[PDB]
Amino acid sequence: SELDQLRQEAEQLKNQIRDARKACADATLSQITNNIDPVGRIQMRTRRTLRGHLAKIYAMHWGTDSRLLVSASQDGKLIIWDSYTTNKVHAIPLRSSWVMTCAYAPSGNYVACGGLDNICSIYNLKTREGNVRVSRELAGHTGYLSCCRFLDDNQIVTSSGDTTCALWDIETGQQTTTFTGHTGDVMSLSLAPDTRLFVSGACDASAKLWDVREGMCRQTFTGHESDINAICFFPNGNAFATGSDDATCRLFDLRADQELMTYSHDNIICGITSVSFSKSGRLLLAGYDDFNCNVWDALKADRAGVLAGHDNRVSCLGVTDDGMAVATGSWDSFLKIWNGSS
Amino acid sequence: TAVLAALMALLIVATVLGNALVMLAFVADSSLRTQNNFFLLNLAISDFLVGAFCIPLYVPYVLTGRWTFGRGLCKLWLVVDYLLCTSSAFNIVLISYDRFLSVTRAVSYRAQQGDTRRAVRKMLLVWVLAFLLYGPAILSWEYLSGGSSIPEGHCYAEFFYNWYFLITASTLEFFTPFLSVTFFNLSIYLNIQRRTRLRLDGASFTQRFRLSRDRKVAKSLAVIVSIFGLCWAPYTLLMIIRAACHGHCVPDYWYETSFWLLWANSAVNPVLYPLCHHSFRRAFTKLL
Amino acid sequence: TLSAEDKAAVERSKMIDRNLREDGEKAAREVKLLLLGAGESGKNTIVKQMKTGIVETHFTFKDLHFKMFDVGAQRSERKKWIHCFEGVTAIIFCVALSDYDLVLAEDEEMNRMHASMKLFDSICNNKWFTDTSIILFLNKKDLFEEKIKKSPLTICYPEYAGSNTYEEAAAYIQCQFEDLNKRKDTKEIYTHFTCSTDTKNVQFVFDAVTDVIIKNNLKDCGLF
Amino acid sequence: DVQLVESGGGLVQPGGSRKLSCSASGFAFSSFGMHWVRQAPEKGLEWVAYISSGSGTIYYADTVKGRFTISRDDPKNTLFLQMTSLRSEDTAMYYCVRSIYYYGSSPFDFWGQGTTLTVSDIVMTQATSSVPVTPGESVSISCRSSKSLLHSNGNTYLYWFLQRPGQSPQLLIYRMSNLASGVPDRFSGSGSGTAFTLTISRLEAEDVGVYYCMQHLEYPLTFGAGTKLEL
Amino acid sequence: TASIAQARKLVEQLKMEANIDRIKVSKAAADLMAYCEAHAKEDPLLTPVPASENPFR
Ligand SMILES: CC(C)CCC[C@@H](C)[C@H]1CC[C@H]2[C@@H]3CC=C4C[C@@H](O)CC[C@]4(C)[C@H]3CC[C@]12C
Ligand SMILES: CC(C)CCC[C@@H](C)[C@H]1CC[C@H]2[C@@H]3CC=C4C[C@@H](O)CC[C@]4(C)[C@H]3CC[C@]12C
Ligand SMILES: CC(C)CCC[C@@H](C)[C@H]1CC[C@H]2[C@@H]3CC=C4C[C@@H](O)CC[C@]4(C)[C@H]3CC[C@]12C
Ligand SMILES: CC(C)CCC[C@@H](C)[C@H]1CC[C@H]2[C@@H]3CC=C4C[C@@H](O)CC[C@]4(C)[C@H]3CC[C@]12C
Ligand SMILES: CC(C)CCC[C@@H](C)[C@H]1CC[C@H]2[C@@H]3CC=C4C[C@@H](O)CC[C@]4(C)[C@H]3CC[C@]12C
Ligand SMILES: N=C(N)SCCc1cnc[nH]1
């Protein structure tokens, strides 16, 4: 009786939200940006190939100086690369080799990683002893760690396969806030540029916008037909793009609370692993299962170019903060740095 | 006359591009970095230079009958020709020994596989040892035996009619390599048959498939020993036989027929080792 | 053209590269085994004989190091992390023979043996384990023998025309699991009958792993 | 804590041989390159030798090359300096210095206490030998180089050290602008090309000492004469 | 009473999401287009820089 009545009210509320989004859908982003000229053909060359990982690369993250990056492989090694020289700055042996994510702190003093061991390990890069040591092991998730991102040297957000995201106080080792509401494994998270919000994509094909300080879900974004594997905020923080196993990328707007544009092609039938934006946000770069990275025109939904330089899955990618280059990691154990030439 | 020119040109075409695909597919694919993959490349490079330098330069010696490139260039050709053919035979021993360790030292083979430092060290040892077998002997024979017995217009080794040196050199060039390849390719067959025997006793379609695969390997190992022996044994035997009788007991046209068998082996090798390899075929389709 | 510190930084990278190769060679001598199976299937008893997330077991038998990974604690979606185990030497699957007549507790109407068959079929035919051999352990053989006399095998298999002898009953179950394999040419299934008092289980794994390693080596050397 | 203890120094006869040891504790010794730097009594610093991490690269100053041998024992965490044919020019305090090299590292960050031995090229100029100072007032120290210390990679390999009376040198500024860990922000390094300035805002009693500018553009590493601050 | 407790929370969450202010898609689309236009020149991937200014020559 009471349970049946309540679940009927949820359906009425869902229709109310769907009607509200349709009311403000006066135009389409495609119609708005039809007049502007296309970006043309984007040609990028492999400037660097980072060799040394002996297994599948699962994650990479640029440092904020746009020169150092950290990559994770399931050979149990975290490696920090000098991308300008291809020099290896550090090689961090992992206690558990089943790593799925890695993060570089914005300060550059810490890196984080974790996988099937259900632990987010924080590594101190600046020690008087001259070696990288574990400073914290964040336990508390009951599923695998899928993504992690530093807010500062003391705060980090983790998404897990136990359907929850958590905000951690690194100094005390305790999760201050727990973000619940996903009905599937949360696969990714992205921080807003002001680090007041973050979006997460789960295997329930939905993206939720979370308030870091308040600790609740502000908005829920649906439209994908399969698990979301990747998510990335727009550079101004007012939009985000997702990548799913249904071979599509969608651009959702925070303020309009709805999808604005879909980025898919008939030839593309493989899942999407990673998404990122260029510095101005005009380009959406997506890594795919078909061994390629497709550069999209964000405004016009045109495939601007292809980065074809890997013989296995493109597992991760990232664009520098200055926008100078894009790094692609792959299951073939190589990282490549790309940018164009005049 | 034009028939002979076409056949020699066809051999050049087959040997050059046949071993060029192996070298091209090596560069194109970045996963072909195991020790065995480097050894197949070394064999392809050794055979490629035979069809690109030795064979094209020897065509005038056949059509005209006299060497018109000078005595100084003849010594370069003799050193290169003996170096390349010997290195081809030494790579076959290196490949067969590598396949011997895949079945005997199986655990260490998988660990050491992919170490390019080990592969390059073994590759350099093949070329260096190939040069020392005939290189110094060709160059220093004239300067230590007095004069040169080679008539003007002819280009062949100073020890062409020597009896003691040919048998000694061929023992380290073909007799020992042939027995090493035969022993290595026989131990592999014995282990595969023995291993399958225990599997059947320990345990349908899977058993029938496994038995059929073993027979395919048995034929694969037999062709490798036979082709290497078929191309190299006639010329090696003729050199020793003709040396004793100084060409009286051996017809002249028999020498030329056996001379080109070794160069024919440099064209068969791309078909045998790299083509039958699982990884190289995948890299072939990627290019075409 | 490099500065004094740049050359030192390049030299440091070479030192790191040398240690990465040594770690890769050391990790290449380890046999990685993925341990799978249903609950109450002797999965824990096997680990005892072999002596919060993924559980890793290390043991050495005749100068060969085995790394066995148990992922029974991972209650998340299997497909999101099962590719992380692509490239393991072999998969160890544990099936309780005594559960042929028992009913799954959660469903209360599904036979446990059929539940193991569904788990075996998905793992064996998974796209990430096309070339991965499976070591099948059929535990509780002594308890299965006792249950056969009281309970015929027809309960689990309605289409079973065989007798109630232990040898015939056990062999029929072994064939049913091997028939679930669709990649007969690319992979092989090793089946063993284990008990609590058995001590040859480590020998069977070593023999099955050695056969798998040699076949991979022959594929890498071009013979296969 | 990070420690570097030197031993083996003492009075030796001219033409003799002596073995200096530097035992390291509290840090990953095998990861750091090591230098020997000496300082003659009432003189400035002089670099002696260098051995890299992994022992692959070894450098010597010309004045000691052929007579000194530098070696390390990574398992024992010991740094060695074998000296032969010792001359009266070798009478100095020998310092053991750790230095790690990667992008963004701070070489020459920790020095040992030093051991005293008594026996019976880019030019770095610090013209001002001494500067009278008062607490709370801003002081600037100038350094010059015969060659441009700016490399084509954008780094300017100029270092600033402070040797307080009775203490070993401590790193203040590395690569001409960066502030070493544990150094107050009042120190600031400014430079261009061949001319460099070390500015000390709100001078305190602890800042009193000798300041050395060192170039790390190329070997041999050379020090300035040193500028002394006195109250 | 696990389902009834979860039902109240899910209904309560949908109330919070339904009370937000939504701008028009045209307004949101224009803002995205404006940001891309304003920062186009400082995007190296969109407009590749001269080789002298490229750290990855
Ligand atoms: C007359 C001779 C000198 C002509 C040159 C032939 C030799 C030296 C050339 C021709 C083919 C070349 C090889 C082609 C492919 C590769 C693979 C690459 O990953 C390393 C270089 C390497 C191994 C080259 C080495 C040099 C090489 C072997
Ligand atoms: C290890 C292997 C690859 C080294 C090969 C070195 C070869 C290419 C070099 C080294 C010695 C050289 C020979 C030295 C002397 C002569 C005699 C001269 O009248 C013709 C050139 C000739 C014949 C040179 C040909 C090229 C040569 C044979
Ligand atoms: C006619 C004479 C000069 C031919 C001499 C050929 C020799 C010198 C050339 C041809 C093939 C070359 C090798 C081809 C491939 C490799 C693997 C590479 O990772 C290291 C270099 C190395 C090992 C080369 C060494 C030099 C090499 C052996
Ligand atoms: C004087 C020399 C030329 C005569 C010797 C010829 C034969 C015996 C030499 C030449 C090439 C050599 C091989 C070259 C490389 C290797 C790899 C090494 O890890 C094991 C031995 C092995 C397999 C060598 C065995 C011996 C060998 C086959
Ligand atoms: C691609 C295939 C056809 C190449 C076949 C290579 C062999 C079979 C061909 C190519 C070169 C030919 C040789 C060319 C020159 C001579 C010298 C002559 O006095 C006897 C015949 C003889 C010896 C020919 C025999 C057949 C031959 C050796
Ligand atoms: N076995 C030898 N004498 S070396 C190879 C010399 C050669 C024979 N045919 C072409 N070249």
# chains A, B, ... in the order shown; residues from 1 in each chain; ligands from 1
$ residues_near_ligand --ligand "ligand 3" --cutoff "10 Å" --atoms "only C-alpha atoms and all ligand atoms" --output "ChimeraX atom specification"
/B:23,33,38-39,41-46,49-50,53-54,76-77,79-84,87,116-117,119-128,131
$ residues_around --residues "residue 231 in chain A" --least-positions-apart "3" --cutoff "8 Å" --atoms "only C-alpha atoms" --output "PyMOL selection string"
chain A and resi 188-190+199-201+228+240-243+274-276
$ atom_distance --atom1 "atom 27 (C, counted along the ligand's line) of ligand 2" --atom2 "CA of residue 68 in chain B"
19.9 Å
$ interface_residues --of "chain A" --to "chain C" --cutoff "7 Å" --atoms "only C-alpha atoms" --output "short mmCIF file (atom, residue, chain, number, x, y, z; two decimals) with N, CA, C and O atoms, in the first residue's frame"
data_model
loop_
_atom_site.label_atom_id
_atom_site.label_comp_id
_atom_site.auth_asym_id
_atom_site.auth_seq_id
_atom_site.Cartn_x
_atom_site.Cartn_y
_atom_site.Cartn_z
N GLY A 52 58.71 1.50 -21.33
CA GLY A 52 59.19 1.04 -20.05
C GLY A 52 58.16 0.27 -19.25
O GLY A 52 58.53 -0.61 -18.46
N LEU A 54 55.73 -2.69 -18.81
CA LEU A 54 55.79 -4.04 -19.36
C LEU A 54 54.45 -4.75 -19.31
O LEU A 54 54.39 -5.97 -19.45
N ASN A 87 62.58 11.25 -19.97
CA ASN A 87 63.25 10.72 -18.80
C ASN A 87 62.23 10.20 -17.79
O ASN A 87 61.17 10.79 -17.60
N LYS A 88 62.57 9.10 -17.13
CA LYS A 88 61.78 8.59 -16.02
C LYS A 88 62.23 9.27 -14.74
O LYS A 88 63.39 9.12 -14.32
N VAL A 89 61.32 10.01 -14.10
CA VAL A 89 61.67 10.71 -12.87
C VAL A 89 61.58 9.77 -11.68
O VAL A 89 62.46 9.77 -10.81
N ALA A 91 59.98 5.59 -10.40
CA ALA A 91 59.30 4.33 -10.67
C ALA A 91 58.86 3.77 -9.33
O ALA A 91 59.69 3.31 -8.54
N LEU A 116 41.89 -3.28 -7.75
CA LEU A 116 41.13 -4.39 -7.19
C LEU A 116 41.43 -4.65 -5.72
O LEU A 116 40.72 -5.45 -5.10
N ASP A 117 42.44 -4.00 -5.14
CA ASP A 117 42.71 -4.15 -3.72
C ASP A 117 41.82 -3.29 -2.84
O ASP A 117 41.94 -3.36 -1.61
N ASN A 118 40.93 -2.49 -3.43
CA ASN A 118 39.95 -1.67 -2.70
C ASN A 118 40.60 -0.59 -1.85
O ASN A 118 40.00 -0.10 -0.90
N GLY A 143 34.52 -2.13 -2.80
CA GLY A 143 34.70 -2.56 -4.16
C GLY A 143 35.99 -1.98 -4.71
O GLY A 143 36.69 -1.24 -4.03
N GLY A 161 33.79 0.58 -7.17
CA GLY A 161 32.87 -0.38 -7.71
C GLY A 161 31.79 -0.82 -6.76
O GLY A 161 30.94 -1.63 -7.13
N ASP A 162 31.79 -0.31 -5.53
CA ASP A 162 30.71 -0.55 -4.58
C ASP A 162 29.58 0.47 -4.73
O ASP A 162 28.81 0.66 -3.78
N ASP A 185 28.26 0.15 -10.53
CA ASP A 185 29.65 0.48 -10.23
C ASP A 185 30.00 1.84 -10.80
O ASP A 185 29.87 2.07 -12.00
#
$ atom_distance --atom1 "atom 8 (C, counted along the ligand's line) of ligand 6" --atom2 "CA of residue 132 in chain B"
17.0 Å
$ residues_around --residues "residue 37 in chain E" --least-positions-apart "4" --cutoff "10 Å" --atoms "only C-alpha atoms" --output "list in words"
residues 36, 280, 281 and 282 of chain A; 31, 32, 33 and 41 of chain E
$ write_last_selection --atoms "N, CA, C and O atoms" --output "CSV table (one decimal), in the first residue's frame"
chain,number,residue,atom,x,y,z
A,36,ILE,N,28.9,28.8,-37.4
A,36,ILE,CA,30.3,28.9,-37.2
A,36,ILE,C,31.1,28.0,-38.1
A,36,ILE,O,30.6,26.9,-38.5
A,280,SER,N,40.6,25.3,-24.9
A,280,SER,CA,39.4,26.1,-25.1
A,280,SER,C,38.1,25.3,-25.1
A,280,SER,O,37.1,25.9,-25.1
A,281,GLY,N,38.2,24.0,-25.0
A,281,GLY,CA,37.0,23.2,-25.1
A,281,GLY,C,36.4,22.9,-26.4
A,281,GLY,O,35.4,22.2,-26.5
A,282,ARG,N,37.0,23.5,-27.5
A,282,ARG,CA,36.5,23.3,-28.8
A,282,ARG,C,36.7,21.9,-29.3
A,282,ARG,O,35.9,21.4,-30.2
E,31,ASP,N,26.6,30.3,-24.4
E,31,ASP,CA,27.7,30.4,-23.5
E,31,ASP,C,28.9,29.5,-23.8
E,31,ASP,O,30.0,29.8,-23.8
E,32,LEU,N,28.5,28.2,-24.2
E,32,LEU,CA,29.6,27.3,-24.6
E,32,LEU,C,30.3,27.8,-25.9
E,32,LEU,O,31.5,27.7,-26.0
E,33,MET,N,29.5,28.3,-26.9
E,33,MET,CA,30.1,28.9,-28.1
E,33,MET,C,30.9,30.1,-27.8
E,33,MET,O,32.0,30.3,-28.4
E,41,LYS,N,42.4,31.4,-29.6
E,41,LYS,CA,43.7,31.7,-29.9
E,41,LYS,C,44.7,31.0,-29.0
E,41,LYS,O,45.8,30.7,-29.4
$ residues_near_ligand --ligand "ligand 6" --cutoff "10 Å" --atoms "only C-alpha atoms and all ligand atoms" --output "JSON, numbers by chain"
{"B": [50, 54, 55, 58, 78, 79, 80, 81, 82, 83, 84, 85, 86, 87, 88, 89, 133, 134, 156, 157, 159, 160, 166, 167, 169, 170, 171, 173, 174, 231, 232, 233, 234, 235, 236, 237, 238, 239, 240, 255, 256, 257, 258, 259, 260, 261, 262, 263, 264, 265, 266]}
$ interface_residues --of "chain A" --to "chain B" --cutoff "10 Å" --atoms "only C-alpha atoms" --output "number ranges by chain"
A: 310-311, 332-334
$ write_last_selection --atoms "N, CA and C atoms" --output "PDB file, in the first residue's frame"
ATOM      1  N   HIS A 310      48.373   3.212 -31.760  1.00  0.00           N
ATOM      2  CA  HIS A 310      48.442   2.132 -30.787  1.00  0.00           C
ATOM      3  C   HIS A 310      47.896   0.843 -31.377  1.00  0.00           C
ATOM      4  N   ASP A 311      48.454  -0.274 -30.912  1.00  0.00           N
ATOM      5  CA  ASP A 311      48.080  -1.601 -31.379  1.00  0.00           C
ATOM      6  C   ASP A 311      47.158  -2.328 -30.412  1.00  0.00           C
ATOM      7  N   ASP A 332      48.812  -1.626 -25.124  1.00  0.00           N
ATOM      8  CA  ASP A 332      50.044  -2.104 -25.737  1.00  0.00           C
ATOM      9  C   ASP A 332      51.281  -1.673 -24.961  1.00  0.00           C
ATOM     10  N   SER A 333      51.081  -1.046 -23.798  1.00  0.00           N
ATOM     11  CA  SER A 333      52.107  -0.665 -22.832  1.00  0.00           C
ATOM     12  C   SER A 333      52.880   0.586 -23.223  1.00  0.00           C
ATOM     13  N   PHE A 334      52.378   1.398 -24.148  1.00  0.00           N
ATOM     14  CA  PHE A 334      53.085   2.600 -24.557  1.00  0.00           C
ATOM     15  C   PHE A 334      52.223   3.828 -24.306  1.00  0.00           C
TER      16      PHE A 334
END
$ residues_around --residues "residue 140 in chain C" --least-positions-apart "5" --cutoff "9 Å" --atoms "only C-alpha atoms" --output "ChimeraX atom specification"
/C:41-42,95-99,145,193-196
$ write_last_selection --atoms "N, CA and C atoms" --output "short mmCIF file (atom, residue, chain, number, x, y, z; two decimals), in the first residue's frame"
data_model
loop_
_atom_site.label_atom_id
_atom_site.label_comp_id
_atom_site.auth_asym_id
_atom_site.auth_seq_id
_atom_site.Cartn_x
_atom_site.Cartn_y
_atom_site.Cartn_z
N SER C 41 32.31 -24.91 -2.68
CA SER C 41 32.75 -25.81 -3.75
C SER C 41 34.17 -26.31 -3.53
N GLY C 42 34.66 -26.29 -2.29
CA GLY C 42 36.03 -26.68 -2.05
C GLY C 42 37.06 -25.68 -2.48
N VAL C 95 34.83 -27.22 -8.59
CA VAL C 95 33.44 -27.66 -8.63
C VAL C 95 33.26 -28.76 -7.59
N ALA C 96 32.21 -28.64 -6.79
CA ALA C 96 31.89 -29.65 -5.79
C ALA C 96 31.02 -30.72 -6.44
N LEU C 97 31.53 -31.95 -6.49
CA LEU C 97 30.74 -33.04 -7.05
C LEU C 97 29.53 -33.36 -6.18
N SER C 98 29.66 -33.19 -4.87
CA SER C 98 28.58 -33.48 -3.94
C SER C 98 27.38 -32.55 -4.08
N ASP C 99 27.52 -31.43 -4.79
CA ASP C 99 26.42 -30.49 -4.97
C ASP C 99 25.58 -30.79 -6.21
N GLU C 145 30.62 -39.95 -3.75
CA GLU C 145 30.43 -41.39 -3.82
C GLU C 145 29.34 -41.85 -2.85
N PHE C 193 40.24 -35.03 -10.09
CA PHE C 193 39.34 -35.37 -9.00
C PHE C 193 40.10 -35.24 -7.69
N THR C 194 39.64 -34.34 -6.83
CA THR C 194 40.34 -34.01 -5.60
C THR C 194 39.50 -34.39 -4.39
N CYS C 195 40.19 -34.60 -3.27
CA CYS C 195 39.55 -34.87 -1.99
C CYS C 195 40.26 -34.05 -0.92
N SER C 196 39.73 -34.11 0.30
CA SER C 196 40.36 -33.39 1.41
C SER C 196 41.72 -33.98 1.76
#
$ atom_distance --atom1 "CA of residue 10 in chain E" --atom2 "CA of residue 220 in chain A"
12.2 Å
$ select_by_dssp --residues "range 34-122 of chain C" --states "helix (DSSP H, G or I)" --output "VMD selection string"
chain C and resid 43 to 50 78 to 80 82 to 85 97 to 100 112 to 122
